[PDB]
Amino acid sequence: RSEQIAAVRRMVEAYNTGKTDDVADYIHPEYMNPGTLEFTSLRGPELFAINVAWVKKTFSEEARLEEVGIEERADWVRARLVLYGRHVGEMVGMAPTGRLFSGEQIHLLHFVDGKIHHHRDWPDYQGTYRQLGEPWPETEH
């Protein structure tokens, strides 16, 4: 039973439930996610919490992250997930399209001190954009 994978599964559940009160349990104080850089300078558990909140706000409370597979190698975990949502909040300067979508994701996670220290994820941006009807942005984010 991998502690690393169990922690990643808690992370996934956070996206599903939206509940982030306990994230300090598995999110390192120095947690970073380069994908968040455009939105905030926060780090650690508060950074992960703001990501989860953004997901529920933008892609609906009913947004789901489904697990396809999770593997590990030393202090690293690779998660193959699928995001299901509906576009209901402003997304980087694109007005809500109200469109359903689903997009595969690959996540790379690095563990330090038994907690998630670095988190990179690659949404299916283009696939999502297509399913959103390829909206034209209304403003720069």
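So that there is no doubt, residue numbering starts at 1 and follows the sequence shown.
Next on the checklist: Highest mean C-alpha temperature factor of the two stretches 100-108 and 31-39, which is it?
Outcome noted: 31-39 has the higher mean C-alpha B-factor.
Checklist entry - Which is higher on average in the deposited entry, the C-alpha temperature factors of 21-29 or of 125-133? => result According to the entry, 21-29 carries the higher average C-alpha B-factor.
Item to check | Residue with highest C-alpha B-factor in the PDB entry, from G89, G93, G85, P45 | outcome: Top of the list by C-alpha B-factor: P45.
Item to check | Position of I116 among the chain's modelled residues by C-alpha B-factor, lowest, middle or highest third | outcome: According to the entry, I116 has a C-alpha B-factor in the chain's highest third.
Item to check | Third of the chain, ranked by Cα B-factor, where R73 sits | outcome: CA B-factor rank for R73: highest third.
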